[PDB]
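Only one chain is shown below, in structure tokens, and it's the form deposited in one PDB entry.
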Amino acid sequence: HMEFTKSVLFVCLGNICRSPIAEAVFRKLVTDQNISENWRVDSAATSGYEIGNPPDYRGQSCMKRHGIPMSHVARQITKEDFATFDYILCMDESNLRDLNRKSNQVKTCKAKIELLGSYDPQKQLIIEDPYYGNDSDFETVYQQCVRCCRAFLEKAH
């Protein structure tokens, strides 16, 4: 059609709390703006710990509260992910180091690997792991993902 593709992979250690939240925050954003067709959106785990697992039910509750339904099956990052993705946006410092290790074990890294939290207007660098936190901690994570994802959509680093 002469009437009128980009990719982002959100990453944390397990792929059950934070990255699934970001992913569904970003998908909604592109979906509301009619541009989901132009975006490839996904999330993944540096580790194998959670493979096959749905998102954390505490984080799923936070998302239901905010209208945003999460359907994601935990998977571990692959070599292809680095070759196929434009951005790989991770939560914490230990994610980023682990991603960098991974990035030197592949031929082609098309991906910019970075902190999701480096798009924050409120300047909160790290999105911290709520695995041992509570619903306040999950709500804080969600809010951070909205800010960072909105800015990142606005225009990418």
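All residue numbers refer to positions in the sequence shown, first residue = 1. Rigid core: the largest C-alpha set superposing within 1.5 Å between the two forms.
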(message) Superpose by the rigid core and compare 86 to 94 with 63 to 71; which one moves more, by C-alpha RMS, in 7 other deposited structures of this protein?
(response) 63 to 71
(request) Select one of none, 1 to 3, 4 to 9, or 10 or more to describe the deposited residues without coordinates separating residue 4 and residue 5. (result) 4 to 9
(request) Identify the stretch, either 48 to 56 or 120 to 128, whose C-alpha atoms have the larger mean B-factor according to the entry. (result) 120 to 128
(request) Between 85 to 93 and 63 to 71, point out the one with the higher average CA B-factor as the PDB entry records it. (result) 63 to 71
(request) Quick one: classify residue 37 as lowest, middle or highest third of the chain based on its Cα B-factor. (result) highest
(request) Comparing against every modelled residue in the chain, figure out the third that the C-alpha B-factor of residue 43 lands in (lowest, middle or highest). (result) lowest
(message) Looking at the temperature factor on the CA atom of residue 15, which third of the chain's modelled residues does it land in?
(response) lowest
(request) Sort the modelled residues of this chain by their C-alpha B factor and say whether residue 135 lands in the lowest, middle or highest third. (result) highest
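Another form, the form deposited with a small molecule bound, is not on view; read the next lines as being about it.
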(message) Going by heavy atom distances of 4.5 angstroms or less, which of 108, 61, 122, 105 would be at the interface with the small molecule in the bound PDB entry?
(response) 105
(message) Please determine whether residue 78 contacts the small molecule in the bound PDB entry, using a 4.5 Å cut-off between heavy atoms.
(response) yes
(message) At 4.5 Å between heavy atoms, is residue 65 in contact with the small molecule in the bound PDB entry?
(response) no
(message) residue 85 versus the small molecule, in the bound PDB entry: is there a non-hydrogen atom within 4.5 Å?
(response) no
(message) I'd like to check something about residue 112: if you look in the bound PDB entry, is any of its heavy atoms closer than or equal to 4.5 Å to a heavy atom of the small molecule?
(response) no
(request) Mind telling me which stretch in 28 to 36, 95 to 103, 113 to 121, 65 to 73 gets its heavy atoms within 4.5 Å of the small molecule in the bound PDB entry? (result) 95 to 103
